Amino acid sequence: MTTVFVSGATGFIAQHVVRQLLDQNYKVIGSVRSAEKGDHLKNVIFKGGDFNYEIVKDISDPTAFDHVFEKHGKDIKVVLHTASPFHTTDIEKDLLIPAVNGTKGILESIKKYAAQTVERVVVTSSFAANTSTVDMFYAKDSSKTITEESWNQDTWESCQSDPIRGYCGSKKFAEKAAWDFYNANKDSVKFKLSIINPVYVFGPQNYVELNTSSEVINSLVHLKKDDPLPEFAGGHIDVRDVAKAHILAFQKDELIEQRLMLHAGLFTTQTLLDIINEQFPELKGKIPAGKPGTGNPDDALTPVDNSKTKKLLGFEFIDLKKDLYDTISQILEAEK
């Protein structure tokens, strides 16, 4: 059976990728940052699957994956690079440089040790590489519509102005470095590159250890009734669809060299609260109602059109109601 390497296999998205791979009986090697984490994955979370791990402690080290492909370079046909460096005042030193090292490094390892073996590389990017936050608020401007061809317009310099733009810029330049390496090495290496650009990722955890894997959801379910409502707005996507897209991206020829925008629709804090309160009557004594029916995302956000991605992937995404229901019902069951 074909071996698939998944970096950062303990992560929220990555565990769903490994789960869905093992559901299809792939042989999987995951990278983990410690032996303890790897043993937990192999002996507990993914017991029953053909799962092994390699220890890769620092994603920001550009040589971090050299040993993986020196030892396994004849076997790994598929690379799903979902890991990113840990997320300061020095945005350049602590975010931007680690990001470009953290994405291009594994591609260098493949070129050095497995150039004619790896067939497909899928890299987890972000909607942050499609648009800076500064450009996300041109409401109803169809000329501003963000698509898979859109790139974050901040520069290496201008994104260092604040930590939000800096983080978003780190995602932009990580993905750009992948493409620039790829286009400069397409003769030196066999693999074909594809990209996944998730928006805000919600959804249930693969394995439960009111603490969801989404900081947006966590903020909402920890709100007091009197509390100031935080400002959240953007696109949502269920982690299970994000993972499914990673797998289809290496299996189907039409997904080669695509940037696949994993985006199921728009939300604001108010639309999330409306759905949570509607789906969870049990929580109505705890969380605020806000002002139901207000905060229409179409009136807040630059339009987003990922019709191309949806047609290429060919399956309908989990909607926000089911996403939040599965996320929060898992959380409540875990409070037993």
Side-chain angles (χ1 to χ4, degrees), residues 1-7 13-14 16-28 76-82 103-104 106-107 110-111 114-131 145-152 171-172 174-199 201 203 235-265 303-319 323:
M1 192 53 179
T2 293
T3 295
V4 185
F5 178 75
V6 182
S7 61
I13 294 164
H16 280 285
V17 173
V18 173
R19 173 74 268 140
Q20 290 181 31
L21 285 171
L22 296 177
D23 292 342
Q24 284 179 47
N25 283 111
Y26 282 92
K27 185 181 307 279
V28 177
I76 297 169
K77 285 189 180 72
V78 180
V79 173
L80 306 180
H81 183 39
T82 76
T103 296
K104 180 269 187 168
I106 186 164
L107 309 181
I110 293 167
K111 176 184 165 180
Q116 302 307 321
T117 300
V118 176
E119 301 170 359
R120 304 287 276 267
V121 172
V122 184
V123 175
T124 315
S125 178
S126 170
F127 182 86
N130 295 106
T131 176
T145 296
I146 296 156
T147 70
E148 301 87 352
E149 302 177 328
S150 305
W151 276 89
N152 181 328
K171 297 307 231 249
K172 176 196 170 165
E175 191 194 328
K176 173 177 173 59
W179 286 112
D180 286 341
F181 177 95
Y182 181 67
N183 287 323
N185 286 282
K186 276 153 98 164
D187 312 329
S188 307
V189 298
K190 178 189 230 176
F191 69 79
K192 306 286 184 181
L193 178 67
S194 303
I195 302 296
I196 311 303
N197 302 92
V199 292
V201 183
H236 62 88
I237 186 73
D238 194 290
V239 65
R240 291 165 290 181
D241 292 330
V242 175
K244 188 171 292 302
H246 279 79
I247 291 164
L248 291 166
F250 77 86
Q251 291 172 332
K252 304 221 176 150
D253 281 0
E254 59 270 26
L255 303 185
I256 290 168
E257 285 166 4
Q258 301 298 325
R259 303 175 84 204
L260 300 167
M261 190 191 293
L262 262 283
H263 162 86
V304 173
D305 180 350
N306 68 332
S307 51
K308 178 177 173 172
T309 297
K310 298 190 283 181
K311 186 170 159 227
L312 287 166
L313 290 171
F315 71 96
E316 43 181 345
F317 294 154
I318 297 165
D319 62 31
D323 183 341

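Along the sequence shown, residues carry numbers from 1. Scope of the values below: all heavy atoms of this structure, side chains included, with no hydrogens, waters or symmetry mates.
- Between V189 and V118 there is no side-chain heavy-atom pair separated by less than 4.5 Å.
- For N152, there are no side chain to side chain donor-acceptor pair (under 3.5 Å) partners, not counting sequence neighbours.
- Applying the salt bridge (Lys or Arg N to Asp or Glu O under 4.0 Å) criterion to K77, with sequence neighbours excluded, gives no partner residue.
- When atom types are taken as modelled, the side chain of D241 and the backbone of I318 share a donor-acceptor pair closer than 3.5 angstrom.
- Contact annotation: the side chain of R240 never approaches that of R19 to less than 4.5 Å [non-hydrogen atoms, C-beta and beyond].
- Side chains of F191 and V122 form no contact here, defined as non-hydrogen atoms less than 4.5 Å apart.
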Identify all side-chain donor-acceptor contacts of residues 249-258 below 3.5 Å with residues at least two apart in sequence or on another chain.
| from | atom 1 | to | atom 2 | distance (Å) |
| --- | --- | --- | --- | --- |
| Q251 | NE2 | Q24 | OE1 | 3.0 |
| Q251 | NE2 | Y26 | OH | 3.0 |
| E257 | OE2 | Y182 | OH | 2.5 |

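- Scanning for side-chain contact (heavy atoms from CB on, under 4.5 Å) contacts around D305 gives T145, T147, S307, with sequence neighbours left out.
- Counting heavy atoms from C-beta outward, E119 and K192 have side chains that stay 4.5 Å or more apart.
- The structure places NZ of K176 at 15.0 Å from CZ of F181, a figure rounded to the nearest 0.5 Å.
- For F5, the ring pair (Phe, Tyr, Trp, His ring centres under 6.0 Å) partners are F65, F69, not counting sequence neighbours.
- The distance from atom OG1 of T117 to atom CD1 of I76, rounded to the nearest 0.5 Å, is 9.5 Å.
- Separating the CG atom in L312 from the NZ atom in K310 is a distance of 12.0 Å, to the nearest 0.5 Å.
- The distance from atom NZ of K172 to atom OG of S126, rounded to the nearest 0.5 Å, is 13.5 Å.
- Scanning for salt bridge (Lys or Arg N to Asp or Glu O under 4.0 Å) contacts around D187 gives an empty result, with sequence neighbours left out.
- Listed by chain and number, the residues in a side chain to side chain donor-acceptor pair (under 3.5 Å) with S7 are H81 (sequence neighbours excluded).
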Show your working on side chain to side chain contact (heavy atoms under 4.5 Å, CB included) between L21 and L80 and close with a plain yes or no. CA-CA 11 Å; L21 285 171; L80 306 180; 4.1 Å; yes
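- Side-chain contact between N185 and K111: present, with at least one pair of heavy atoms (C-beta onward) separated by less than 4.5 Å.
- Considering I110, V78, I195 as possible partners of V121, the one that fulfils the side-chain contact (heavy atoms from CB on, under 4.5 Å) test is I110.
- Residues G235 and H263 approach most closely at CA-ND1, 3.7 Å, considering heavy atoms.
- A 4.5 Å side-chain heavy-atom check between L313 and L262 finds at least one atom pair inside the cut-off.
- Looking at residues two or more places apart in sequence or on another chain, you find a side-chain contact (heavy atoms from CB on, under 4.5 Å) between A129 and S125, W151, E175, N197, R259.
- Contact annotation: the side chain of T82 approaches that of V6 to within less than 4.5 Å [non-hydrogen atoms, C-beta and beyond].
- Contacts of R120 classified as side chain to side chain donor-acceptor pair (under 3.5 Å), with partners at least two apart in sequence or in another chain: none.
- At least one side-chain heavy atom of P198 sits under 4.5 Å from a side-chain heavy atom of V242.
- Applying the side chain to side chain donor-acceptor pair (under 3.5 Å) test to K27 and every residue at least two apart in sequence or in another chain returns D50.
- For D323, there are no salt bridge (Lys or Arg N to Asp or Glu O under 4.0 Å) partners, not counting sequence neighbours.
- Under the rule for a side-chain contact (heavy atoms from CB on, under 4.5 Å), the partners of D319 that lie at least two apart in sequence or sit in another chain are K321, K322.
- Between the side chain of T309 and the backbone N or O of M261, at least one donor-acceptor pair lies under 3.5 Å.
- Atom CG of residue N25 and atom CG of residue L22 lie 8.0 Å apart, to the nearest 0.5 angstrom.
- Note that NE2 of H246 and NE2 of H16 are 12.5 Å apart. Values are rounded to the nearest 0.5 Å.
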